[PDB]
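Below you'll find the structure, written out as structure tokens, and then a few comments.
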Amino acid sequence: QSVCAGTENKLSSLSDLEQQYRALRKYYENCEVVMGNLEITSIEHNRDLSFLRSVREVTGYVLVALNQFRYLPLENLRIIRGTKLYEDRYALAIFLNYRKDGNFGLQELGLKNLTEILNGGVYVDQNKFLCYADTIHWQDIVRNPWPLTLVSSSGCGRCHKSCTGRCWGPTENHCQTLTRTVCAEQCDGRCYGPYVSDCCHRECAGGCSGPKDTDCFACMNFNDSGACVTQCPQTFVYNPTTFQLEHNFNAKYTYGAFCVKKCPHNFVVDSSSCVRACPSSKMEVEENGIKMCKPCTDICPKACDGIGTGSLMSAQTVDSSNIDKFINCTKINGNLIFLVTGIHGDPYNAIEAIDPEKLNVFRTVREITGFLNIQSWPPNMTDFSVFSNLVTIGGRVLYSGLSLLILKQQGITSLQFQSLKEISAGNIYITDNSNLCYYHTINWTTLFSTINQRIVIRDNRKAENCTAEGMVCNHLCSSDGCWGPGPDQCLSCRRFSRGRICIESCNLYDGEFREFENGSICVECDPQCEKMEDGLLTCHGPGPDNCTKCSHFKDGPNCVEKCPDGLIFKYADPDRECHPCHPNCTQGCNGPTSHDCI
Amino acid sequence: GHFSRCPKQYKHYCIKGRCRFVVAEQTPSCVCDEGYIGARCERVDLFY
Amino acid sequence: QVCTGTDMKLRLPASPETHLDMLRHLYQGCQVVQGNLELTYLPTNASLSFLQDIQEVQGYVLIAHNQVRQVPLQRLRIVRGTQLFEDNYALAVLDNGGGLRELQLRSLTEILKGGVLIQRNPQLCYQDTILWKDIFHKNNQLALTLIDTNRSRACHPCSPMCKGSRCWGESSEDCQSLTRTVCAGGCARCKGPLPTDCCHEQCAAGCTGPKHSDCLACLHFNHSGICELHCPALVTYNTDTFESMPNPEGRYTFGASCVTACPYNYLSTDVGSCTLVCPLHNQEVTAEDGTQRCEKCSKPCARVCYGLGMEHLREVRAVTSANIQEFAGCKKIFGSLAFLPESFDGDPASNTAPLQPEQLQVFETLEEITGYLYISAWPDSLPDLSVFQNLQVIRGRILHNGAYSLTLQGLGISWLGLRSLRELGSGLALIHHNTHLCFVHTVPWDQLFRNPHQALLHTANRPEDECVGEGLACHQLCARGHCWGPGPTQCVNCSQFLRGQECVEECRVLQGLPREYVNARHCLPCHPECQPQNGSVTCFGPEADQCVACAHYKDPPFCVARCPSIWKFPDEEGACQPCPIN
Ligand SMILES: *[C@@H]1O[C@H](CO)[C@@H](O[C@@H]2O[C@H](CO)[C@@H](O[C@@H]3O[C@H](CO[C@H]4O[C@H](CO)[C@@H](O)[C@H](O)[C@@H]4O)[C@@H](O)[C@H](O[C@H]4O[C@H](CO)[C@@H](O)[C@H](O)[C@@H]4O)[C@@H]3O)[C@H](O)[C@H]2NC(C)=O)[C@H](O)[C@H]1NC(C)=O
Ligand SMILES: *[C@@H]1O[C@H](CO)[C@@H](O[C@@H]2O[C@H](CO)[C@@H](O[C@@H]3O[C@H](CO)[C@@H](O)[C@H](O[C@H]4O[C@H](CO)[C@@H](O)[C@H](O)[C@@H]4O)[C@@H]3O)[C@H](O)[C@H]2NC(C)=O)[C@H](O)[C@H]1NC(C)=O
Ligand SMILES: *[C@@H]1O[C@H](CO)[C@@H](O[C@@H]2O[C@H](CO)[C@@H](O[C@@H]3O[C@H](CO[C@H]4O[C@H](CO)[C@@H](O)[C@H](O)[C@@H]4O)[C@@H](O)[C@H](O)[C@@H]3O)[C@H](O)[C@H]2NC(C)=O)[C@H](O)[C@H]1NC(C)=O
Ligand SMILES: *[C@@H]1O[C@H](CO)[C@@H](O[C@@H]2O[C@H](CO)[C@@H](O[C@@H]3O[C@H](CO)[C@@H](O)[C@H](O)[C@@H]3O)[C@H](O)[C@H]2NC(C)=O)[C@H](O)[C@H]1NC(C)=O
Ligand SMILES: *[C@@H]1O[C@H](CO)[C@@H](O[C@@H]2O[C@H](CO)[C@@H](O[C@@H]3O[C@H](CO)[C@@H](O)[C@H](O)[C@@H]3O)[C@H](O)[C@H]2NC(C)=O)[C@H](O)[C@H]1NC(C)=O
Ligand SMILES: *[C@@H]1O[C@H](CO)[C@@H](O[C@@H]2O[C@H](CO)[C@@H](O[C@@H]3O[C@H](CO)[C@@H](O)[C@H](O)[C@@H]3O)[C@H](O)[C@H]2NC(C)=O)[C@H](O)[C@H]1NC(C)=O
Ligand SMILES: *[C@@H]1O[C@H](CO)[C@@H](O[C@@H]2O[C@H](CO)[C@@H](O[C@@H]3O[C@H](CO)[C@@H](O)[C@H](O)[C@@H]3O)[C@H](O)[C@H]2NC(C)=O)[C@H](O)[C@H]1NC(C)=O
Ligand SMILES: *[C@@H]1O[C@H](CO)[C@@H](O[C@@H]2O[C@H](CO)[C@@H](O[C@@H]3O[C@H](CO)[C@@H](O)[C@H](O)[C@@H]3O)[C@H](O)[C@H]2NC(C)=O)[C@H](O)[C@H]1NC(C)=O
Ligand SMILES: *[C@@H]1O[C@H](CO)[C@@H](O[C@@H]2O[C@H](CO)[C@@H](O)[C@H](O)[C@H]2NC(C)=O)[C@H](O)[C@H]1NC(C)=O
Ligand SMILES: *[C@@H]1O[C@H](CO)[C@@H](O[C@@H]2O[C@H](CO)[C@@H](O)[C@H](O)[C@H]2NC(C)=O)[C@H](O)[C@H]1NC(C)=O
Ligand SMILES: *[C@@H]1O[C@H](CO)[C@@H](O)[C@H](O)[C@H]1NC(C)=O
Ligand SMILES: *[C@@H]1O[C@H](CO)[C@@H](O)[C@H](O)[C@H]1NC(C)=O
Ligand SMILES: *[C@@H]1O[C@H](CO)[C@@H](O)[C@H](O)[C@H]1NC(C)=O
């Protein structure tokens, strides 16, 4: 549905005004729904804004500030949901749009279809050249009145003689159409006329075309396939005639703003809803490849707060103060970020830099449910010795389109991740790593979960330059996944391996320890049995029953060094086997017969 | 214009950018150096 | 208050002598009738004033075979008709003939579903007068409306001031007020002819104003005096952060209304509603004292022991020799139990034997029935119901004839027994014709009931003074004179001690027989090794540790039969010491 993300900058901008305009296009050009805020700032009267005409809805606040152009082409903007407010008060804020020492600034607002704000106030205040800032019935637009709405050009006239103070422009097409304050007494919602017979449905937002829950220009609550609804179809229906709960046949997942028939694979299916993590009262489980959750009846594992989740909602980064919360963690619920301010401290705040030794609290983490954003790292941390045992990342939360973001890391020469095998979803962006050597030796379609994932690599250390006179891949490592120097930095080896270590041959017929093998993995056999010489195999598998030779007696199918006598007694000969003792042998045994008992 | 120099309590308000203080709304803001974004210019631009 | 109905159509009362007491206790003081409202076979001059409080009926309204001149339902505003008389009608008035004179349904303003029907009422005037299509609901319009004007009385004009001659009776106040067919707008109900007199989408029966707070009756659910589409869920889903969390405003759905919590006898479900059955793949868990809820099974659920009216037993008449084995060793039964003629007699047509006293032993482990217990036949060899002596709770979720949780009809019982019983969660108790039982008067009924609209009804059981005239009466040791039957084993609560099942006056501590240690209401023997001295600790306690006195071979922590073979031997004081030989 042409969904795009906002800039989230507030008043701050780039030093290059032309790049600021190009970026405004890159973010919002041809978009219909804005995620987070819609921020339109510092654009000169010499640049066209017609690419903003397709925007229908904004989840955050709409901010327009310090511009020089005459008209806002925001004619199709219908609804502002107010999930985030400017200065934590205002959902719409339009101010200071003019040059102090000239004749340039905003004159007309457009917005012909702007009907409602669900949360937050309105800020207008000073706009030197703006006509019709006043004479708007803001109580028909705001759904929650606060008896906010601050207004301060004059003598601009009226839209039309027929529009009785319901105007935000110079023509009859700029007249405010009242949908809440001009209604029947019986209405709970908004109307399409002044009668009880032309009032519309209760979930509908932004005006209506008819009385049906389908006939509506926006929805409160959920979209169920074009119907505005308070709740999606549930797996059960309550029967008030018999006090019974009956099973449904048309149930759907409650998911974001929508009702859907197929939950996203990376999300927990709870019984009728899809969520980024299961609540703390329930344990996350997997059945038949489906990620789901059940009541915590057993001793349940707990995930730790990530950046922007749990007790860290206000955190931008790991920092010298919140790094102490990750000490015993194996899973992080949320994102993992390292900004400049977190790593080198923030002198505006009481936060200090992080000592590289403090980073060791993450050496126990195997899963991160959000994305990895790395923009700063300590000057002498040349590889990721922390997180080397990290298994999987992302799937549920992404940074724009990315699950792994690595920007401008000058101190890094190798990555050295040993356990990182899969990325659940999202793309990869790695650039400006001028000293990083092994980035070209990875077959990334082996790490991606779907054929639709992509990676962008540019401006890092030249691969031919490093290979020729720098660092190269280990002789035993394959063409897929050679992340650093040595046999222990390779994700996929030829011949054999033992855990994280790659080897040319296994200890089957030589060494102070002996092993058995499969196609590429070797494991040690029970040492209580004998070691074979002259190239001969010592064991067929992990036990005294597999050992090919035994230096001691046996017990049934397997080699035994010491016989479990004195259980009941069960003696043994030194050459062949253990045997049961005579029934009278209660205080020692020398054999199976009557004279062997002590 | 609408802004002047940042008050002493904002010496470190902005990182990798030029700090300015908006007089009309009595509110600090920053002009970021090339390749930096965010309210304090605390992040790099992925489209650069 | 909230009350329920019988759902017995035109059948005869089980105990006509208590028929009016049953109706007065179930309905006196209640505003809402759950299920059908049935007022049948009422005698001449019945005191029906307790019915004046009924505002709303969930099922059909049936008035049949009554000799009463009037029935005080003038406040009844709405019939939901969710069950229909003969699967057709939401109101039925049948054979009331000296008979019913006037309907007097002043405030009746809604039939949502199902027809009206009227037949064979020779004394009932003004059938013909009411404009049924104003009372019907627009979206259903199910006005079958069969009528029978062939009355024996002559009707007077209903009122000098009723412009349409449409009335509920002979009074100037009986004139029908119209609420649908007289208004300019398209609204299902309105308060006046004007386009501004429409009151609301969710309101029914008309209104006192234009808001969902003004409704005289309410579609969907009443929440707290405002009329509403659904009761708010207990858990709310966050559409912006994709997470589920408890709802600060969350509520339970309960029949016609929305509540903060459900009544004592209802089973809570986490979806936001209260039911009488637990959804598939869930256990009934008593998480807190006085309540119960459903919880999901983490692995496949255990066997559920079902009774009559549930699953494969839904069409089964009674317990017989063909199905008695299904209850063998059950502690909780999901459903009801019925022991009728042809349960203890035979049924040659289906080749089924009668129940035997040995077969009744399957219920010895039973503690709870999630329904009713109905017994109308029993063996003559059993003077009591001791095969259920361990039954503790009767929930009443399913009631016999829609009203009774416990019913005993004409049995050969000499005393009730059932000493383990402590709760009758819901439903009435009916005891009558039981020609040889008498301890019904000593039972502490006020301790067993849990809700108002709940009572004992009884008649034709052997008279107290005629029966206690034989000295057959409750035991003096116990319970202020409350008993289940004869003797100190049929006591409710011992004033001194309980030994086994018997109330006892003495705790046998220092007597000639095997000496007992004391407990708060109980008495139990020393361990056999503890010496029966006359000192109150010596021999006495629940453990070896109290038995400081030893009869023989004393091991320092406790007296034992023999010193253990490290080998030990008895010394000069009878205590165990290590041997020189091992
Ligand atoms: C996760 O969070 C916990 C807090 O919940 C942190 O705190 C403890 O950290 C220690 C060290 O990592 C954990 O491990 C144990 O530490 C003992 C230290 O001695 C103290 O505790 C013992 C307990 O019996 C006392 O007798 C003693 O007087 C001290 O007060 C070690 O003794 C343990 O191992 C050694 O001793 C045992 C003795 O049987 C030997 O078997 C071992 O071979 C070895 O010689 C052990 O290392 C401790 O469990 C944590 N406590 C709790 C309550 O959880 C953790 O540090 C933190 N984890 C990480 C990774 O940061
Ligand atoms: C912004 O404001 C405008 C009005 O100021 C608002 O109206 C939309 O206009 C367009 C055309 O200009 C309508 O487009 C429809 O297109 C279909 C085919 O694609 C036609 O079949 C429609 O014809 C009829 O039915 C419509 C019923 O929705 C009528 O609106 C129309 O007059 C015809 O009788 C029609 O041309 C579009 O439907 C309307 N909007 C609606 C839903 O009425 C526009 O929607 C506003 N933008 C925003 C914020 O959505
Ligand atoms: C010693 O080394 C052996 C290999 O050299 C190990 O392998 C074998 O393990 C099985 C299972 O424990 C033993 O038992 C039987 O195996 C057969 C074969 O079925 C196999 O495949 C099916 C299908 O996947 C699988 O379900 C089984 O587990 C087996 O892996 C079965 O049909 C029988 O029912 C039975 O399970 C073998 O006897 C055993 N091989 C030997 C020793 O002969 C063996 O496990 C190693 N021992 C130790 C100490 O673990
Ligand atoms: C409720 O959800 C449904 C989808 O399940 C919404 O319907 C769809 O709305 C999208 C909005 O972008 C329409 O896409 C448009 O398609 C035209 C094709 O010519 C394209 O030019 C536009 O750029 C845009 O992509 C889509 O056609 C439409 N689908 C149908 C079948 O109508 C619906 O709008 C939602 N309702 C509300 C109130 O949110
Ligand atoms: C980089 O990794 C990709 C997988 O992400 C490797 O591509 C895969 O190669 C295998 C082996 O050839 C393909 O499987 C089978 O190949 C035979 C031909 O050898 C063919 O007859 C079978 O029908 C089957 O395709 C597999 O399809 C292919 N995957 C994809 C997505 O194309 C690739 O070889 C790796 N490159 C290096 C240098 O290791
Ligand atoms: C030689 O190959 C055998 C298999 O033929 C290896 O044993 C297998 O090890 C895998 C893990 O690498 C086991 O898979 C998983 O096991 C867990 C056990 O709880 C189960 O929950 C998972 O669903 C999955 O099955 C597999 O079961 C196991 N096979 C058997 C038969 O036990 C063996 O380790 C190899 N030896 C060497 C030296 O590498
Ligand atoms: C929603 O249900 C509530 C009850 O839960 C309804 O309110 C109840 O209205 C009755 C009258 O119809 C009240 O009873 C009367 O109270 C006065 C108190 O002085 C007494 O004099 C009368 O004899 C009679 O007992 C009752 O108190 C009241 N309950 C509450 C909780 O206020 C309400 O009408 C229902 N709303 C709809 C739209 O149906
Ligand atoms: C019948 O049942 C009640 C419980 O329903 C029995 O429990 C309670 O027992 C005590 C002792 O007999 C009664 O009196 C109080 O005893 C304590 C003993 O320390 C004393 O401190 C008090 O001053 C008082 O005397 C208590 O009232 C009673 N509670 C109730 C709820 O009745 C009772 O023992 C049984 N009675 C018979 C006659 O079986
Ligand atoms: C009311 O009584 C009349 C007769 O007084 C009944 O109408 C007759 O019904 C019989 C049914 O077999 C017909 O054969 C006659 O032709 C009818 N008579 C007339 C004059 O139409 C009527 O059925 C009774 N009403 C009810 C509801 O029982
Ligand atoms: C403690 O109880 C013992 C019995 O266990 C009493 O001893 C008995 O006393 C009678 C007195 O006539 C003798 O005939 C018996 O031979 C005694 N029995 C034993 C086993 O010695 C003793 O009197 C009791 N003590 C008190 C104070 O009552
Ligand atoms: C490594 O960086 C840390 C950062 O805290 C610093 O303290 C240390 O001096 C650095 N080491 C070297 C050798 O520069
Ligand atoms: C490799 O990189 C260094 C960077 O200083 C450069 O001087 C050298 O010429 C390069 N070598 C090759 C083989 O390109
Ligand atoms: C009903 O009361 C009237 C009062 O006049 C009386 O004549 C009649 O006998 C009464 N009926 C009964 C059954 O008591």
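Within each chain, counting starts at residue 1; across the structure tokens, chains are named A, B, ... in the order shown, with ligands numbered 1 upward in that order.
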- Using only C-alpha atoms and all ligand atoms, which protein or nucleic acid residues are at most 6 Å from ligand 6, as an MDAnalysis selection string? chainID A and resid 516:518 521:523
Generate a file of the selected residues that holds N, CA and C atoms, formatted as a JSON list (two decimals), in the first residue's frame.
```json
[["chain", "number", "residue", "atom", "x", "y", "z"],
["A", 516, "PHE", "N", 35.71, -41.68, 16.59],
["A", 516, "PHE", "CA", 34.98, -42.27, 15.48],
["A", 516, "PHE", "C", 34.47, -41.15, 14.55],
["A", 517, "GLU", "N", 34.16, -41.41, 13.28],
["A", 517, "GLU", "CA", 33.78, -40.31, 12.36],
["A", 517, "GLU", "C", 32.55, -40.58, 11.49],
["A", 518, "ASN", "N", 31.92, -39.47, 11.09],
["A", 518, "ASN", "CA", 30.90, -39.39, 10.05],
["A", 518, "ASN", "C", 31.48, -38.61, 8.84],
["A", 521, "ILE", "N", 32.32, -34.77, 10.66],
["A", 521, "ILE", "CA", 32.41, -34.55, 12.12],
["A", 521, "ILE", "C", 33.00, -35.78, 12.80],
["A", 522, "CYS", "N", 33.93, -35.57, 13.73],
["A", 522, "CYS", "CA", 34.57, -36.62, 14.52],
["A", 522, "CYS", "C", 34.39, -36.38, 16.02],
["A", 523, "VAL", "N", 34.16, -37.46, 16.78],
["A", 523, "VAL", "CA", 33.93, -37.42, 18.23],
["A", 523, "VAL", "C", 34.66, -38.56, 18.94]]
```
- Message: What are the residues of chain A lining chain B at 9 Å or less? Count only C-alpha atoms, and put the answer as a ChimeraX atom specification.
- Response: /A:7-16,23,26,66,96,99-101,126,339-341,346-349,375,407,429
Quick one: write out the picked residues with N, CA and C atoms as a PDB file, in the first residue's frame?
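This went into result_3.pdb:
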```pdb
ATOM      1  N   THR A   7      11.366  10.801   8.816  1.00  0.00           N
ATOM      2  CA  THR A   7      12.745  11.202   9.109  1.00  0.00           C
ATOM      3  C   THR A   7      13.059  11.351  10.594  1.00  0.00           C
ATOM      4  N   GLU A   8      12.085  11.660  11.447  1.00  0.00           N
ATOM      5  CA  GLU A   8      12.268  11.789  12.905  1.00  0.00           C
ATOM      6  C   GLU A   8      13.410  12.738  13.349  1.00  0.00           C
ATOM      7  N   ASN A   9      13.604  13.881  12.693  1.00  0.00           N
ATOM      8  CA  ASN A   9      14.663  14.847  13.003  1.00  0.00           C
ATOM      9  C   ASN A   9      14.212  16.051  13.838  1.00  0.00           C
ATOM     10  N   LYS A  10      12.911  16.334  13.957  1.00  0.00           N
ATOM     11  CA  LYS A  10      12.425  17.569  14.593  1.00  0.00           C
ATOM     12  C   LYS A  10      12.961  18.803  13.852  1.00  0.00           C
ATOM     13  N   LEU A  11      13.507  19.799  14.547  1.00  0.00           N
ATOM     14  CA  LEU A  11      13.985  21.043  13.922  1.00  0.00           C
ATOM     15  C   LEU A  11      15.344  20.919  13.199  1.00  0.00           C
ATOM     16  N   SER A  12      16.198  19.967  13.578  1.00  0.00           N
ATOM     17  CA  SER A  12      17.521  19.756  12.963  1.00  0.00           C
ATOM     18  C   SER A  12      17.491  19.287  11.500  1.00  0.00           C
ATOM     19  N   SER A  13      18.482  19.718  10.715  1.00  0.00           N
ATOM     20  CA  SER A  13      18.594  19.499   9.262  1.00  0.00           C
ATOM     21  C   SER A  13      20.048  19.364   8.782  1.00  0.00           C
ATOM     22  N   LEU A  14      20.242  19.026   7.505  1.00  0.00           N
ATOM     23  CA  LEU A  14      21.579  18.904   6.914  1.00  0.00           C
ATOM     24  C   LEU A  14      22.107  20.300   6.552  1.00  0.00           C
ATOM     25  N   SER A  15      23.419  20.517   6.588  1.00  0.00           N
ATOM     26  CA  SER A  15      24.030  21.767   6.098  1.00  0.00           C
ATOM     27  C   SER A  15      23.827  22.035   4.602  1.00  0.00           C
ATOM     28  N   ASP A  16      23.567  21.014   3.784  1.00  0.00           N
ATOM     29  CA  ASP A  16      23.315  21.171   2.349  1.00  0.00           C
ATOM     30  C   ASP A  16      21.802  21.205   2.075  1.00  0.00           C
ATOM     31  N   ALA A  23      16.558  14.399  -0.150  1.00  0.00           N
ATOM     32  CA  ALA A  23      16.188  13.452   0.900  1.00  0.00           C
ATOM     33  C   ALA A  23      14.679  13.465   1.200  1.00  0.00           C
ATOM     34  N   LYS A  26      13.310  11.362  -1.526  1.00  0.00           N
ATOM     35  CA  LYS A  26      13.692   9.954  -1.315  1.00  0.00           C
ATOM     36  C   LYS A  26      12.823   9.288  -0.249  1.00  0.00           C
ATOM     37  N   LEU A  66       9.719  26.577   9.348  1.00  0.00           N
ATOM     38  CA  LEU A  66      10.780  27.423   8.770  1.00  0.00           C
ATOM     39  C   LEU A  66      10.949  27.366   7.232  1.00  0.00           C
ATOM     40  N   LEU A  96       6.332  29.493  11.948  1.00  0.00           N
ATOM     41  CA  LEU A  96       7.460  30.295  11.474  1.00  0.00           C
ATOM     42  C   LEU A  96       7.806  30.122   9.984  1.00  0.00           C
ATOM     43  N   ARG A  99      10.490  34.304   5.741  1.00  0.00           N
ATOM     44  CA  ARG A  99      11.763  35.021   5.890  1.00  0.00           C
ATOM     45  C   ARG A  99      11.541  36.314   6.673  1.00  0.00           C
ATOM     46  N   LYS A 100      12.291  36.526   7.755  1.00  0.00           N
ATOM     47  CA  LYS A 100      12.154  37.715   8.619  1.00  0.00           C
ATOM     48  C   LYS A 100      12.444  39.028   7.885  1.00  0.00           C
ATOM     49  N   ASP A 101      13.444  39.028   7.005  1.00  0.00           N
ATOM     50  CA  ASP A 101      13.909  40.185   6.228  1.00  0.00           C
ATOM     51  C   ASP A 101      13.517  40.111   4.733  1.00  0.00           C
ATOM     52  N   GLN A 126       2.842  31.838  15.234  1.00  0.00           N
ATOM     53  CA  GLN A 126       3.320  32.864  14.288  1.00  0.00           C
ATOM     54  C   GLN A 126       3.546  32.355  12.853  1.00  0.00           C
ATOM     55  N   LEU A 339      25.749   3.575  19.107  1.00  0.00           N
ATOM     56  CA  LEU A 339      25.977   4.906  18.550  1.00  0.00           C
ATOM     57  C   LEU A 339      27.251   5.549  19.081  1.00  0.00           C
ATOM     58  N   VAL A 340      27.648   6.668  18.478  1.00  0.00           N
ATOM     59  CA  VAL A 340      28.782   7.481  18.944  1.00  0.00           C
ATOM     60  C   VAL A 340      28.623   7.847  20.421  1.00  0.00           C
ATOM     61  N   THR A 341      27.447   8.335  20.806  1.00  0.00           N
ATOM     62  CA  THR A 341      27.119   8.767  22.175  1.00  0.00           C
ATOM     63  C   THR A 341      27.215   7.658  23.222  1.00  0.00           C
ATOM     64  N   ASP A 346      28.597  10.822  26.311  1.00  0.00           N
ATOM     65  CA  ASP A 346      27.782  11.956  25.897  1.00  0.00           C
ATOM     66  C   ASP A 346      27.939  13.067  26.929  1.00  0.00           C
ATOM     67  N   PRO A 347      28.840  14.036  26.713  1.00  0.00           N
ATOM     68  CA  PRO A 347      29.103  15.089  27.684  1.00  0.00           C
ATOM     69  C   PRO A 347      27.897  15.988  27.952  1.00  0.00           C
ATOM     70  N   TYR A 348      26.888  16.003  27.071  1.00  0.00           N
ATOM     71  CA  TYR A 348      25.652  16.734  27.386  1.00  0.00           C
ATOM     72  C   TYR A 348      24.898  16.032  28.520  1.00  0.00           C
ATOM     73  N   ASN A 349      25.031  14.705  28.613  1.00  0.00           N
ATOM     74  CA  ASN A 349      24.369  13.912  29.641  1.00  0.00           C
ATOM     75  C   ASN A 349      25.395  13.464  30.706  1.00  0.00           C
ATOM     76  N   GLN A 375      27.587   1.592  14.500  1.00  0.00           N
ATOM     77  CA  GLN A 375      28.179   2.815  13.938  1.00  0.00           C
ATOM     78  C   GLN A 375      29.404   3.297  14.715  1.00  0.00           C
ATOM     79  N   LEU A 407      28.636   0.615   9.500  1.00  0.00           N
ATOM     80  CA  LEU A 407      29.046   1.853   8.830  1.00  0.00           C
ATOM     81  C   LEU A 407      30.369   2.385   9.363  1.00  0.00           C
ATOM     82  N   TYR A 429      23.705  -3.999   4.977  1.00  0.00           N
ATOM     83  CA  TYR A 429      24.393  -2.827   4.430  1.00  0.00           C
ATOM     84  C   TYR A 429      25.755  -2.612   5.100  1.00  0.00           C
TER      85      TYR A 429
END
```
- Item | Surroundings of ligand 5 up to 7 Å, based on only C-alpha atoms and all ligand atoms, as a list in words | residues 443, 445, 446, 479 and 480 of chain A
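The residues sitting within 9 Å of ligand 1, with only C-alpha atoms and all ligand atoms considered, come out as residues 326, 327, 328, 329, 361, 363 and 364 of chain A.
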Please dump the current selection as a CSV table (one decimal), in the first residue's frame; keep N, CA and C atoms.
```
chain,number,residue,atom,x,y,z
A,326,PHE,N,22.9,-6.5,30.9
A,326,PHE,CA,23.1,-7.6,30.0
A,326,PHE,C,24.0,-8.8,30.5
A,327,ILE,N,24.4,-8.7,31.7
A,327,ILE,CA,25.4,-9.7,32.3
A,327,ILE,C,25.1,-11.2,32.3
A,328,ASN,N,23.9,-11.6,32.6
A,328,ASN,CA,23.5,-13.0,32.6
A,328,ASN,C,22.6,-13.4,31.4
A,329,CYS,N,22.6,-12.6,30.3
A,329,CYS,CA,21.6,-12.7,29.2
A,329,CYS,C,22.0,-13.7,28.1
A,361,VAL,N,30.0,-8.5,28.8
A,361,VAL,CA,28.7,-9.0,29.2
A,361,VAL,C,27.8,-9.6,28.1
A,363,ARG,N,29.0,-11.7,25.7
A,363,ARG,CA,29.7,-13.0,25.3
A,363,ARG,C,28.8,-14.2,25.5
A,364,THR,N,27.7,-14.1,26.3
A,364,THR,CA,26.7,-15.2,26.5
A,364,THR,C,25.4,-15.1,25.7
```
- Select the residues contacting ligand 8 at a distance of at most 7 Å, based on only C-alpha atoms and all ligand atoms, then format the selection as a ChimeraX atom specification. /C:478-480,493-495
- Message: Within 8 Å of chain C, which residues belong to chain A? Use only C-alpha atoms and report them as a ChimeraX atom specification.
- Response: /A:83,185-187,196-197,238-241,243-246,254-257,273-279,294-295
- Item | Contacts to ligand 7 at 12 Å cut-off (only C-alpha atoms and all ligand atoms) as a PyMOL selection string | chain C and resi 1-2+29-32+52-56+75-78+200+202-209+211-228+254+256-260
- Message: At a cut-off of 7 Å and counting only C-alpha atoms and all ligand atoms, what residues surround ligand 12? Please answer as JSON, numbers by chain.
- Response: {"A": [464, 465, 466, 468, 469]}
Any chance you could export the current selection's C-alpha atoms as an mmCIF file, in the first residue's frame?
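What landed in result17.cif:
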```
data_model
loop_
_atom_site.group_PDB
_atom_site.id
_atom_site.type_symbol
_atom_site.label_atom_id
_atom_site.label_comp_id
_atom_site.auth_asym_id
_atom_site.auth_seq_id
_atom_site.Cartn_x
_atom_site.Cartn_y
_atom_site.Cartn_z
ATOM 1 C CA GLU A 464 42.498 -7.762 -4.454
ATOM 2 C CA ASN A 465 44.853 -5.437 -2.502
ATOM 3 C CA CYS A 466 44.402 -7.344 0.794
ATOM 4 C CA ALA A 468 47.800 -10.019 -2.644
ATOM 5 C CA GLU A 469 49.731 -8.274 0.204
#
```
- When DSSP works through the backbone of this structure, what residues of segment 169-284 of chain A end up as strand (DSSP E), shown as a VMD selection string? chain A and resid 204 to 208 216 to 219 222 to 224 227 to 229 236 to 239 244 to 247 253 to 255 258 to 260 268 to 270 273 to 275 282 to 284
- Task: Pick out the residues no farther than 10 Å from ligand 4, counting only C-alpha atoms and all ligand atoms, and list them as a PyMOL selection string.
- Result: chain A and resi 1-3+30-33+54+56-57+204-206+213-220+222-228+257-260
